[PDB]
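query.csv, holding CSV, C-alpha atoms and all ligand atoms:
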```
chain,number,residue,atom,x,y,z
G,4,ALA,CA,275.5,-117.6,108.2
G,5,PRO,CA,275.7,-118.9,111.8
G,6,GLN,CA,277.3,-122.4,111.8
G,7,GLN,CA,274.3,-123.6,113.8
G,8,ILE,CA,272.0,-122.7,110.9
G,9,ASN,CA,274.4,-124.2,108.3
G,10,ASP,CA,274.8,-127.5,110.2
G,11,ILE,CA,271.1,-127.8,111.1
G,12,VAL,CA,270.0,-127.2,107.5
G,13,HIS,CA,272.7,-129.4,105.8
G,14,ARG,CA,272.4,-132.3,108.3
G,15,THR,CA,268.6,-132.3,107.6
G,16,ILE,CA,268.3,-131.5,103.9
G,17,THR,CA,271.2,-133.6,102.5
G,18,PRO,CA,269.7,-137.0,103.6
G,19,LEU,CA,266.2,-135.7,102.5
G,20,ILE,CA,267.5,-135.0,99.0
G,21,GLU,CA,269.2,-138.4,98.9
G,22,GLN,CA,266.3,-140.4,100.3
G,23,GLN,CA,263.7,-138.7,98.1
G,24,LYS,CA,265.9,-138.4,95.0
G,25,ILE,CA,265.2,-134.7,94.6
G,26,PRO,CA,266.9,-133.3,91.5
G,27,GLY,CA,267.1,-129.7,92.7
G,28,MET,CA,266.2,-127.8,95.9
G,29,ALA,CA,266.3,-124.3,97.4
G,30,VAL,CA,265.9,-123.5,101.1
G,31,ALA,CA,265.4,-120.2,102.8
G,32,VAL,CA,265.6,-120.0,106.6
G,33,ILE,CA,264.3,-116.8,108.2
G,34,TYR,CA,266.1,-116.4,111.5
G,35,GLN,CA,265.3,-113.3,113.6
G,36,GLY,CA,263.6,-111.9,110.5
G,37,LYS,CA,266.7,-112.3,108.3
G,38,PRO,CA,266.8,-114.8,105.4
G,39,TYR,CA,269.6,-117.4,104.9
G,40,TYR,CA,269.8,-119.3,101.6
G,41,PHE,CA,270.8,-122.7,100.5
G,42,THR,CA,270.7,-124.5,97.1
G,43,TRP,CA,271.4,-128.0,95.9
G,44,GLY,CA,271.4,-129.9,92.6
G,45,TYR,CA,269.8,-129.1,89.3
G,46,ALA,CA,267.0,-126.9,88.0
G,47,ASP,CA,267.5,-128.5,84.5
G,48,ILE,CA,269.2,-131.9,84.5
G,49,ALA,CA,269.7,-132.2,80.7
G,50,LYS,CA,271.2,-128.7,80.5
G,51,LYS,CA,273.2,-129.3,83.7
G,52,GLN,CA,271.8,-126.0,85.1
G,53,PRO,CA,272.2,-125.7,88.8
G,54,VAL,CA,269.6,-124.4,91.3
G,55,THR,CA,270.3,-120.8,92.3
G,56,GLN,CA,268.7,-118.1,94.4
G,57,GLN,CA,267.0,-116.9,91.1
G,58,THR,CA,265.6,-120.2,90.1
G,59,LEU,CA,261.8,-120.2,89.5
G,60,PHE,CA,259.9,-123.1,91.1
G,61,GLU,CA,256.2,-123.9,90.7
G,62,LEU,CA,254.5,-123.3,94.1
G,63,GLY,CA,251.5,-125.4,93.5
G,64,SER,CA,249.1,-125.1,96.4
G,65,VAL,CA,251.3,-122.6,98.2
G,66,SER,CA,249.7,-120.2,95.6
G,67,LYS,CA,246.6,-120.4,97.8
G,68,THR,CA,248.3,-118.2,100.4
G,69,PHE,CA,248.7,-115.5,97.8
G,70,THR,CA,245.1,-116.0,96.8
G,71,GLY,CA,244.0,-115.8,100.5
G,72,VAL,CA,245.9,-112.6,101.1
G,73,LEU,CA,244.6,-111.0,97.9
G,74,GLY,CA,241.1,-111.9,99.1
G,75,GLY,CA,241.8,-110.3,102.5
G,76,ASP,CA,243.1,-107.2,100.7
G,77,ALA,CA,239.7,-107.1,98.8
G,78,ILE,CA,237.9,-107.3,102.1
G,79,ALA,CA,240.0,-104.4,103.6
G,80,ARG,CA,239.2,-102.4,100.5
G,81,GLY,CA,235.5,-102.9,101.2
G,82,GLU,CA,235.1,-104.5,97.7
G,83,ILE,CA,233.9,-107.8,99.1
G,84,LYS,CA,232.6,-109.4,102.4
G,85,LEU,CA,233.2,-113.0,103.3
G,86,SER,CA,229.7,-113.1,104.8
G,87,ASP,CA,228.1,-112.3,101.5
G,88,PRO,CA,226.4,-115.1,99.5
G,89,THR,CA,228.4,-116.4,96.5
G,90,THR,CA,225.4,-115.5,94.2
G,91,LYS,CA,225.9,-111.8,95.0
G,92,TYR,CA,229.1,-111.9,92.9
G,93,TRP,CA,227.9,-114.6,90.5
G,94,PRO,CA,224.1,-113.9,89.8
G,95,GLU,CA,224.1,-116.6,87.1
G,96,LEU,CA,224.6,-119.2,89.8
G,97,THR,CA,220.8,-119.8,90.3
G,98,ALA,CA,220.7,-123.5,91.3
G,99,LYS,CA,219.1,-123.9,94.8
G,100,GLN,CA,222.0,-125.6,96.6
G,101,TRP,CA,223.9,-122.3,96.4
G,102,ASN,CA,221.6,-120.7,99.0
G,103,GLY,CA,223.5,-120.1,102.1
G,104,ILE,CA,226.9,-120.7,100.6
G,105,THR,CA,229.1,-117.7,101.3
G,106,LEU,CA,232.5,-116.4,100.1
G,107,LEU,CA,233.9,-117.6,103.4
G,108,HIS,CA,232.8,-121.2,102.5
G,109,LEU,CA,234.5,-121.0,99.1
G,110,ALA,CA,237.7,-119.5,100.6
G,111,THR,CA,237.9,-122.2,103.4
G,112,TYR,CA,236.8,-125.4,101.5
G,113,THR,CA,233.6,-125.6,103.6
G,114,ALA,CA,230.9,-125.1,100.9
G,115,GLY,CA,229.9,-128.7,101.3
G,116,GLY,CA,232.0,-131.0,99.1
G,117,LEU,CA,233.3,-129.1,96.1
G,118,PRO,CA,235.7,-131.4,94.3
G,119,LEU,CA,239.5,-131.3,94.7
G,120,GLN,CA,240.0,-130.5,91.0
G,121,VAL,CA,237.9,-128.6,88.6
G,122,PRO,CA,237.2,-131.2,85.9
G,123,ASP,CA,239.6,-131.1,82.9
G,124,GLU,CA,236.5,-131.1,80.7
G,125,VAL,CA,235.8,-127.5,81.8
G,126,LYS,CA,237.4,-125.2,79.2
G,127,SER,CA,235.1,-122.3,78.5
G,128,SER,CA,233.5,-119.9,81.0
G,129,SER,CA,230.1,-121.5,80.3
G,130,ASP,CA,231.5,-124.9,81.0
G,131,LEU,CA,232.6,-123.4,84.4
G,132,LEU,CA,229.1,-122.1,85.1
G,133,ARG,CA,227.5,-125.4,84.1
G,134,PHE,CA,229.9,-127.3,86.4
G,135,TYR,CA,229.0,-125.3,89.5
G,136,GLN,CA,225.3,-125.1,88.6
G,137,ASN,CA,225.1,-128.9,88.4
G,138,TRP,CA,227.4,-129.6,91.4
G,139,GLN,CA,225.5,-131.4,94.2
G,140,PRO,CA,226.9,-131.0,97.8
G,141,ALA,CA,227.4,-134.0,100.0
G,142,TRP,CA,227.0,-131.8,103.1
G,143,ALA,CA,225.3,-128.7,104.4
G,144,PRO,CA,227.3,-125.5,104.1
G,145,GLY,CA,229.8,-124.8,106.8
G,146,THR,CA,229.8,-128.3,108.3
G,147,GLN,CA,232.7,-130.2,106.5
G,148,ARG,CA,236.1,-129.1,105.2
G,149,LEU,CA,237.2,-130.7,102.0
G,150,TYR,CA,240.4,-129.3,100.5
G,151,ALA,CA,239.5,-128.2,96.9
G,152,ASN,CA,240.9,-126.2,94.1
G,153,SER,CA,237.3,-125.7,92.8
G,154,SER,CA,236.5,-124.0,96.1
G,155,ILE,CA,239.2,-121.5,96.8
G,156,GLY,CA,239.7,-121.2,93.0
G,157,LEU,CA,236.2,-119.8,92.6
G,158,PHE,CA,236.8,-117.6,95.7
G,159,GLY,CA,239.8,-116.0,94.0
G,160,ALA,CA,237.9,-115.3,90.8
G,161,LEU,CA,235.0,-113.7,92.5
G,162,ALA,CA,237.1,-111.8,95.0
G,163,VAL,CA,238.6,-109.6,92.3
G,164,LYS,CA,235.4,-109.1,90.2
G,165,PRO,CA,234.3,-105.8,91.8
G,166,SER,CA,237.7,-104.4,91.3
G,167,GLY,CA,237.3,-104.8,87.5
G,168,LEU,CA,240.8,-106.3,87.4
G,169,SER,CA,241.7,-109.8,86.1
G,170,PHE,CA,243.0,-112.1,88.9
G,171,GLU,CA,246.5,-111.8,87.5
G,172,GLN,CA,246.4,-108.0,87.4
G,173,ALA,CA,244.9,-107.8,90.9
G,174,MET,CA,247.7,-110.1,92.2
G,175,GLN,CA,250.5,-108.2,90.4
G,176,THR,CA,249.4,-104.7,91.4
G,177,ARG,CA,247.9,-105.3,94.8
G,178,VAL,CA,250.3,-108.0,96.2
G,179,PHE,CA,253.4,-108.8,94.1
G,180,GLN,CA,254.5,-105.2,93.4
G,181,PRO,CA,253.9,-103.6,96.8
G,182,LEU,CA,255.9,-106.4,98.4
G,183,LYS,CA,258.6,-106.1,95.7
G,184,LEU,CA,258.1,-109.7,94.6
G,185,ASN,CA,259.8,-108.9,91.3
G,186,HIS,CA,260.5,-112.6,90.4
G,187,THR,CA,257.1,-114.0,91.3
G,188,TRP,CA,254.8,-114.9,88.4
G,189,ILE,CA,251.4,-116.3,87.5
G,190,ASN,CA,252.7,-116.5,83.9
G,191,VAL,CA,256.4,-116.7,83.4
G,192,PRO,CA,257.5,-114.1,80.8
G,193,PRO,CA,260.1,-115.1,78.1
G,194,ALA,CA,262.7,-112.9,79.7
G,195,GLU,CA,262.6,-115.0,82.9
G,196,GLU,CA,262.3,-118.4,81.2
G,197,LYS,CA,266.0,-119.2,81.5
G,198,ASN,CA,265.6,-119.5,85.3
G,199,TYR,CA,262.4,-121.5,85.2
G,200,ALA,CA,263.3,-124.9,86.6
G,201,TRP,CA,261.8,-128.0,85.1
G,202,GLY,CA,259.8,-130.3,87.3
G,203,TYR,CA,260.5,-134.0,87.3
G,204,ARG,CA,257.8,-136.7,87.5
G,205,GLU,CA,258.9,-140.3,86.9
G,206,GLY,CA,262.1,-139.1,85.4
G,207,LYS,CA,260.3,-136.9,82.9
G,208,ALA,CA,260.7,-133.1,82.7
G,209,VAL,CA,257.3,-131.4,83.2
G,210,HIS,CA,255.7,-128.0,83.7
G,211,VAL,CA,252.2,-127.4,85.0
G,212,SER,CA,249.5,-127.6,82.4
G,213,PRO,CA,246.9,-124.9,81.9
G,214,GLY,CA,243.6,-125.5,83.7
G,215,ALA,CA,240.4,-123.8,84.9
G,216,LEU,CA,241.1,-121.5,87.8
G,217,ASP,CA,244.8,-122.6,87.8
G,218,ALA,CA,246.1,-119.1,88.6
G,219,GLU,CA,243.8,-118.9,91.7
G,220,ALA,CA,244.6,-122.3,93.1
G,221,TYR,CA,248.1,-123.4,92.1
G,222,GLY,CA,249.5,-121.1,89.4
G,223,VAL,CA,252.2,-119.0,91.1
G,224,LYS,CA,255.9,-119.5,90.4
G,225,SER,CA,258.6,-117.9,92.5
G,226,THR,CA,262.2,-117.9,93.6
G,227,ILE,CA,263.6,-118.8,96.9
G,228,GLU,CA,264.4,-115.1,97.6
G,229,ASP,CA,260.9,-113.8,96.9
G,230,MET,CA,259.4,-116.6,98.9
G,231,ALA,CA,261.6,-115.6,101.8
G,232,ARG,CA,260.3,-112.1,101.4
G,233,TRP,CA,256.8,-113.5,101.2
G,234,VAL,CA,257.4,-115.2,104.6
G,235,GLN,CA,258.9,-112.0,106.1
G,236,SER,CA,255.8,-110.1,105.0
G,237,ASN,CA,253.5,-112.7,106.7
G,238,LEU,CA,255.7,-112.9,109.8
G,239,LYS,CA,255.5,-109.1,110.4
G,240,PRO,CA,252.4,-107.7,108.6
G,241,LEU,CA,252.7,-104.5,110.6
G,242,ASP,CA,255.9,-103.4,108.8
G,243,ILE,CA,253.9,-103.2,105.6
G,244,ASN,CA,253.0,-99.7,104.4
G,245,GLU,CA,249.9,-100.5,102.3
G,246,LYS,CA,247.0,-100.4,104.7
G,247,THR,CA,244.7,-102.8,102.9
G,248,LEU,CA,247.4,-105.3,102.1
G,249,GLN,CA,248.6,-105.1,105.7
G,250,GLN,CA,245.0,-105.8,106.9
G,251,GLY,CA,244.6,-108.5,104.2
G,252,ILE,CA,247.5,-110.4,105.5
G,253,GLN,CA,246.2,-110.2,109.1
G,254,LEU,CA,242.8,-111.5,107.8
G,255,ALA,CA,244.4,-114.4,106.0
G,256,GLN,CA,245.8,-115.7,109.3
G,257,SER,CA,242.5,-115.4,111.1
G,258,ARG,CA,241.1,-118.7,112.5
G,259,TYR,CA,237.8,-119.3,110.9
G,260,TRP,CA,237.4,-123.0,111.4
G,261,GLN,CA,238.9,-125.7,113.6
G,262,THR,CA,239.3,-129.4,112.8
G,263,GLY,CA,241.5,-131.5,115.1
G,264,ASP,CA,244.3,-129.3,116.2
G,265,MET,CA,244.4,-127.3,113.0
G,266,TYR,CA,242.8,-124.0,112.1
G,267,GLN,CA,241.8,-122.9,108.6
G,268,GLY,CA,242.8,-119.4,107.5
G,269,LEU,CA,242.6,-117.9,104.0
G,270,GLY,CA,245.1,-120.1,102.2
G,271,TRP,CA,247.2,-120.3,105.3
G,272,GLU,CA,246.7,-123.1,107.9
G,273,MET,CA,247.7,-122.6,111.5
G,274,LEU,CA,248.2,-124.5,114.7
G,275,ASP,CA,249.0,-123.4,118.3
G,276,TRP,CA,252.7,-123.2,119.0
G,277,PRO,CA,254.3,-125.3,120.4
G,278,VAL,CA,253.0,-128.0,118.1
G,279,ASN,CA,252.9,-131.7,118.4
G,280,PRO,CA,255.3,-132.6,115.5
G,281,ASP,CA,253.5,-135.9,114.9
G,282,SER,CA,250.3,-134.0,114.3
G,283,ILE,CA,251.5,-131.6,111.6
G,284,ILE,CA,253.7,-134.3,110.1
G,285,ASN,CA,251.0,-137.0,109.9
G,286,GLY,CA,248.3,-134.3,109.2
G,287,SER,CA,250.2,-133.3,106.1
G,288,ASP,CA,249.8,-136.8,104.6
G,289,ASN,CA,247.2,-136.5,101.9
G,290,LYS,CA,245.0,-139.3,103.4
G,291,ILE,CA,244.3,-136.7,106.1
G,292,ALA,CA,245.1,-133.4,104.3
G,293,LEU,CA,242.7,-134.3,101.4
G,294,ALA,CA,240.1,-135.9,103.7
G,295,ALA,CA,236.6,-134.6,104.4
G,296,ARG,CA,236.5,-133.6,108.1
G,297,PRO,CA,233.9,-131.9,110.2
G,298,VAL,CA,234.6,-128.3,111.3
G,299,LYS,CA,233.9,-126.3,114.4
G,300,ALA,CA,232.9,-122.7,113.5
G,301,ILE,CA,235.0,-120.0,115.2
G,302,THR,CA,232.5,-117.3,116.0
G,303,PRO,CA,233.8,-114.8,115.6
G,304,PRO,CA,237.1,-115.7,114.0
G,305,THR,CA,240.2,-115.4,116.2
G,306,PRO,CA,242.5,-112.7,114.9
G,307,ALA,CA,246.0,-113.8,113.8
G,308,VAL,CA,247.7,-115.6,116.7
G,309,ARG,CA,251.4,-114.8,117.0
G,310,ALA,CA,252.1,-118.1,118.9
G,311,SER,CA,251.3,-120.2,115.8
G,312,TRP,CA,252.8,-122.6,113.4
G,313,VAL,CA,251.6,-121.1,110.2
G,314,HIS,CA,252.1,-123.2,107.1
G,315,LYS,CA,251.1,-124.6,103.7
G,316,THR,CA,252.2,-127.5,101.6
G,317,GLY,CA,252.2,-127.3,97.8
G,318,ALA,CA,252.4,-129.6,94.8
G,319,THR,CA,252.3,-129.7,91.1
G,320,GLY,CA,253.0,-132.7,88.9
G,321,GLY,CA,256.7,-132.0,89.0
G,322,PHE,CA,257.2,-129.8,92.0
G,323,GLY,CA,256.9,-130.0,95.8
G,324,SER,CA,257.0,-127.0,98.1
G,325,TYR,CA,256.5,-126.1,101.7
G,326,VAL,CA,256.3,-122.9,103.7
G,327,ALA,CA,256.1,-122.7,107.5
G,328,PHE,CA,256.7,-119.9,110.0
G,329,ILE,CA,256.2,-118.9,113.6
G,330,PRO,CA,255.3,-115.2,113.9
G,331,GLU,CA,256.1,-115.0,117.7
G,332,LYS,CA,259.6,-116.2,117.0
G,333,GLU,CA,260.5,-114.3,113.8
G,334,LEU,CA,261.3,-117.8,112.6
G,335,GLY,CA,260.4,-119.4,109.3
G,336,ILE,CA,261.4,-121.7,106.4
G,337,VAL,CA,260.8,-122.2,102.7
G,338,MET,CA,261.5,-125.5,100.9
G,339,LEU,CA,261.3,-125.5,97.1
G,340,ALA,CA,262.0,-128.6,95.1
G,341,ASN,CA,261.5,-129.7,91.5
G,342,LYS,CA,260.1,-133.1,92.5
G,343,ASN,CA,256.7,-133.7,94.1
G,344,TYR,CA,257.8,-135.9,97.1
G,345,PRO,CA,255.7,-136.9,100.1
G,346,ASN,CA,254.4,-134.1,102.3
G,347,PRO,CA,255.3,-135.7,105.6
G,348,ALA,CA,258.9,-135.7,104.6
G,349,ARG,CA,258.8,-132.0,103.9
G,350,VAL,CA,257.1,-131.1,107.3
G,351,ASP,CA,259.4,-133.5,109.2
G,352,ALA,CA,262.5,-131.7,107.8
G,353,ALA,CA,261.0,-128.3,108.5
G,354,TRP,CA,260.1,-129.0,112.1
G,355,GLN,CA,263.5,-130.6,112.6
G,356,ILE,CA,265.1,-127.4,111.4
G,357,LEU,CA,262.9,-124.8,113.1
G,358,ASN,CA,262.7,-126.7,116.4
G,359,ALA,CA,266.5,-126.8,116.7
G,360,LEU,CA,266.6,-123.0,116.1
G,361,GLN,CA,263.8,-121.9,118.5
G,401,LIG,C1,236.9,-108.4,110.6
G,401,LIG,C2,237.5,-108.2,111.9
G,401,LIG,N1,238.9,-108.5,112.1
G,401,LIG,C3,239.2,-109.8,112.3
G,401,LIG,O1,238.2,-110.7,112.5
G,401,LIG,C4,240.5,-110.1,112.5
G,401,LIG,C5,241.5,-109.1,112.3
G,401,LIG,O2,242.7,-109.5,112.5
G,401,LIG,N2,241.2,-107.9,112.1
G,401,LIG,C6,242.2,-106.9,111.9
G,401,LIG,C7,242.8,-106.7,110.6
G,401,LIG,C8,239.9,-107.5,111.9
G,401,LIG,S1,239.4,-105.9,111.6
G,402,LIG,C1,246.7,-129.3,90.0
G,402,LIG,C2,247.9,-129.2,90.8
G,402,LIG,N1,248.2,-130.3,91.8
G,402,LIG,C3,248.9,-131.3,91.3
G,402,LIG,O1,249.3,-131.3,90.1
G,402,LIG,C4,249.2,-132.4,92.1
G,402,LIG,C5,248.7,-132.4,93.4
G,402,LIG,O2,249.0,-133.5,94.2
G,402,LIG,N2,248.0,-131.4,93.9
G,402,LIG,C6,247.5,-131.4,95.2
G,402,LIG,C7,246.2,-132.0,95.5
G,402,LIG,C8,247.7,-130.3,93.1
G,402,LIG,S1,246.8,-129.0,93.7
```
Can you give me the file's structure in the form of structure tokens?
Ligand SMILES: CCN1C(=O)CC(=O)N(CC)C1=S
Ligand SMILES: CCN1C(=O)CC(=O)N(CC)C1=S
Amino acid sequence: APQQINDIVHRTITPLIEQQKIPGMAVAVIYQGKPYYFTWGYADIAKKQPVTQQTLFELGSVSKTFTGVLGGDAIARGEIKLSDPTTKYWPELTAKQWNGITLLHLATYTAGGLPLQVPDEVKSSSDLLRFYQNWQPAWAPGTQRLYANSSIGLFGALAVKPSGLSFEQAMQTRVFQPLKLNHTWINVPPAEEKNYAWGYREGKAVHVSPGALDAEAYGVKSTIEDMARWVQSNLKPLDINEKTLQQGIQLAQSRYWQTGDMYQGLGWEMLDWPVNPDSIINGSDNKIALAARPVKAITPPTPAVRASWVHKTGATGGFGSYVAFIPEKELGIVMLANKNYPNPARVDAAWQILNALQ
């Protein structure tokens, strides 16, 4: 790799790992469309297993970008419309507050205050129905963005209903496989378990627990190589042969809502490039990222803007991940770690690295 890339990455990531006490980390830098890989530390401390390019990390919320793209693919297939009412795909949802709440609203956290987490008490499908039936919005639909697994999670579930496929099957066959993401999983098969890093929370080794709509909201695990390929795909959607997937990716980066200087896509979030680093750094802090904020409707949505900082932070109990890229520049980065460390530290490192290379 170019010594510039090596120095920039190492000078940035080494202190980050030290300061944040990150056990293991993998980084991919996409420079002029080509990936460059870097690994540090341990995937499994007790077994002294190092991080490698084949190490599986929990993506957490970065999963929502796959979910967004899968939804976009379903739109392109004509199987769903984002303008349709939610009740069209879930007739049992008869409570009156669901009037006027569309798939768009679910996909973009603008339904009116759906909670961050689906309650752990929800186990069966009937529990799930009861939950959404009894949910009372704090706001009118399409007025406030509140980041929520219960929102985009339900979107994912409904988006694949007409296809007849389970969410996992739709994702595998319509997204993972055509993009040759051969080491990306919703459920890690035993054959791949040896590469599945442990997460670390408070010194304890942890993996993500099963939960309602987990697959749809935070259930993807991937390697640094597949995630680099994921970024390449989202950098250059036109190079992709499957028409609907190609279109789906474009739709996922459309700008549907604005709050502050940020735009909400399907899973992906975007800002105009060049960005104010303080804005994306401070904005990633949960006190802002998880806050209720008013939205300006983008009518109609702006098609994917090449001059954008496109990104997503992700977390599970034991993992912290970040993906960012700039389509106009053929420039991107993936940061995968088996510790959930503060978002602003992730974004700061990413902007430091990409800015030096642009
Ligand atoms: C649905 C119309 N539309 C958009 O709003 C944005 C976009 O990028 N594209 C192209 C795939 C379309 S068709
Ligand atoms: C349910 C997954 N998960 C976590 O475990 C921890 C966390 O901070 N976040 C982000 C809100 C998520 S989605």
For chain G against ligand LIG 401 (chain G), with a cut-off of 9 Å and counting all atoms listed in the file, what is the closest atom pair and its distance in Å to one decimal for every residue that makes the cut, ordered by chain and number, as CSV?
```
residue,atom,partner,partner_atom,distance
G:75,CA,G:LIG401,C7,8.9
G:78,CA,G:LIG401,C1,8.6
G:79,CA,G:LIG401,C7,7.9
G:247,CA,G:LIG401,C7,8.8
G:249,CA,G:LIG401,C7,7.8
G:250,CA,G:LIG401,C7,4.4
G:251,CA,G:LIG401,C7,6.9
G:252,CA,G:LIG401,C7,7.9
G:253,CA,G:LIG401,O2,4.9
G:254,CA,G:LIG401,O2,5.1
G:255,CA,G:LIG401,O2,8.3
G:256,CA,G:LIG401,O2,7.6
G:257,CA,G:LIG401,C4,5.8
G:258,CA,G:LIG401,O1,8.5
G:259,CA,G:LIG401,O1,8.8
G:303,CA,G:LIG401,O1,6.8
G:304,CA,G:LIG401,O1,5.3
G:305,CA,G:LIG401,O1,6.3
G:306,CA,G:LIG401,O2,4.0
G:307,CA,G:LIG401,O2,5.6
G:308,CA,G:LIG401,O2,8.9
```
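Note that CA of residue 280 in chain G and atom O1 of ligand LIG 402 (chain G) are 26.1 Å apart.
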**OP:** Extract, using only C-alpha atoms, all DNA, RNA and protein residues at most 8 Å from residue 353 in chain G, discarding same-chain residues fewer than 3 positions from it, and format them as a VMD selection string.
**Re:** chain G and resid 327 336 349 to 350 356 to 357
Near ligand LIG 402 (chain G), 7 Å: chain G residue rows, closest pairs, all atoms listed in the file, as JSON lines:
```
{"residue": "G:63", "atom": "CA", "partner": "G:LIG402", "partner_atom": "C2", "distance": 5.9}
{"residue": "G:64", "atom": "CA", "partner": "G:LIG402", "partner_atom": "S1", "distance": 5.3}
{"residue": "G:119", "atom": "CA", "partner": "G:LIG402", "partner_atom": "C7", "distance": 6.8}
{"residue": "G:120", "atom": "CA", "partner": "G:LIG402", "partner_atom": "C1", "distance": 6.9}
{"residue": "G:152", "atom": "CA", "partner": "G:LIG402", "partner_atom": "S1", "distance": 6.5}
{"residue": "G:221", "atom": "CA", "partner": "G:LIG402", "partner_atom": "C2", "distance": 5.9}
{"residue": "G:317", "atom": "CA", "partner": "G:LIG402", "partner_atom": "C6", "distance": 6.8}
{"residue": "G:318", "atom": "CA", "partner": "G:LIG402", "partner_atom": "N2", "distance": 4.8}
{"residue": "G:319", "atom": "CA", "partner": "G:LIG402", "partner_atom": "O1", "distance": 3.5}
{"residue": "G:320", "atom": "CA", "partner": "G:LIG402", "partner_atom": "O1", "distance": 4.1}
```
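Distance check against residue 132 in chain G using all atoms listed in the file: of G:273, G:96, G:109, G:117, the minimum falls on G:96.
Closest approach to residue 198 in chain G among G:44, G:53, G:18, G:213 is made by G:53 (distances from all atoms listed in the file).
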Select from range 13-129 of chain G every residue with an atom at most 10 Å from any atom of range 222-233 of chain G, then for each give the shortest pair of atoms and their distance in Å to one decimal, using only C-alpha atoms, rows by chain and rising number, as a tab-separated table.
```
residue	atom	partner	partner_atom	distance
G:28	CA	G:227	CA	9.4
G:29	CA	G:227	CA	6.1
G:30	CA	G:227	CA	6.7
G:31	CA	G:231	CA	6.0
G:32	CA	G:231	CA	7.6
G:33	CA	G:231	CA	7.0
G:36	CA	G:231	CA	9.7
G:37	CA	G:231	CA	8.9
G:38	CA	G:231	CA	6.4
G:39	CA	G:231	CA	8.8
G:40	CA	G:227	CA	7.8
G:41	CA	G:227	CA	8.9
G:42	CA	G:227	CA	9.1
G:54	CA	G:227	CA	9.9
G:55	CA	G:227	CA	8.4
G:56	CA	G:227	CA	5.7
G:57	CA	G:226	CA	5.5
G:58	CA	G:226	CA	5.4
G:59	CA	G:226	CA	4.7
G:60	CA	G:224	CA	5.4
G:61	CA	G:224	CA	4.4
G:62	CA	G:224	CA	5.5
G:63	CA	G:222	CA	6.3
G:64	CA	G:222	CA	8.1
G:65	CA	G:223	CA	8.0
G:66	CA	G:223	CA	5.3
G:67	CA	G:223	CA	8.8
G:68	CA	G:233	CA	9.7
G:69	CA	G:223	CA	8.3
G:70	CA	G:223	CA	9.6
```
Selected residues, C-alpha atoms, written as a PDB file, in the coordinates of the input, please.
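out-v8.pdb was written with the following content:
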```
ATOM      1  CA  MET G  28     266.200-127.800  95.900  1.00  0.00           C
ATOM      2  CA  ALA G  29     266.300-124.300  97.400  1.00  0.00           C
ATOM      3  CA  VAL G  30     265.900-123.500 101.100  1.00  0.00           C
ATOM      4  CA  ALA G  31     265.400-120.200 102.800  1.00  0.00           C
ATOM      5  CA  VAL G  32     265.600-120.000 106.600  1.00  0.00           C
ATOM      6  CA  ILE G  33     264.300-116.800 108.200  1.00  0.00           C
ATOM      7  CA  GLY G  36     263.600-111.900 110.500  1.00  0.00           C
ATOM      8  CA  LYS G  37     266.700-112.300 108.300  1.00  0.00           C
ATOM      9  CA  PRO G  38     266.800-114.800 105.400  1.00  0.00           C
ATOM     10  CA  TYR G  39     269.600-117.400 104.900  1.00  0.00           C
ATOM     11  CA  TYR G  40     269.800-119.300 101.600  1.00  0.00           C
ATOM     12  CA  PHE G  41     270.800-122.700 100.500  1.00  0.00           C
ATOM     13  CA  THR G  42     270.700-124.500  97.100  1.00  0.00           C
ATOM     14  CA  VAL G  54     269.600-124.400  91.300  1.00  0.00           C
ATOM     15  CA  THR G  55     270.300-120.800  92.300  1.00  0.00           C
ATOM     16  CA  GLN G  56     268.700-118.100  94.400  1.00  0.00           C
ATOM     17  CA  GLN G  57     267.000-116.900  91.100  1.00  0.00           C
ATOM     18  CA  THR G  58     265.600-120.200  90.100  1.00  0.00           C
ATOM     19  CA  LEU G  59     261.800-120.200  89.500  1.00  0.00           C
ATOM     20  CA  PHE G  60     259.900-123.100  91.100  1.00  0.00           C
ATOM     21  CA  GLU G  61     256.200-123.900  90.700  1.00  0.00           C
ATOM     22  CA  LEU G  62     254.500-123.300  94.100  1.00  0.00           C
ATOM     23  CA  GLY G  63     251.500-125.400  93.500  1.00  0.00           C
ATOM     24  CA  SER G  64     249.100-125.100  96.400  1.00  0.00           C
ATOM     25  CA  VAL G  65     251.300-122.600  98.200  1.00  0.00           C
ATOM     26  CA  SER G  66     249.700-120.200  95.600  1.00  0.00           C
ATOM     27  CA  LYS G  67     246.600-120.400  97.800  1.00  0.00           C
ATOM     28  CA  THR G  68     248.300-118.200 100.400  1.00  0.00           C
ATOM     29  CA  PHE G  69     248.700-115.500  97.800  1.00  0.00           C
ATOM     30  CA  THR G  70     245.100-116.000  96.800  1.00  0.00           C
TER      31      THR G  70
END
```
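Proximity to residue 156 in chain G at 6 Å, evaluated using all atoms listed in the file and with sequence-adjacent residues fewer than 6 positions away removed, yields residues 216, 219 and 220 of chain G.
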**OP:** For each of G:110, G:105, G:288, G:97, take the minimum atom-to-atom distance to residue 268 in chain G, counting all atoms listed in the file, then give the residue where this is smallest.
**Re:** G:110
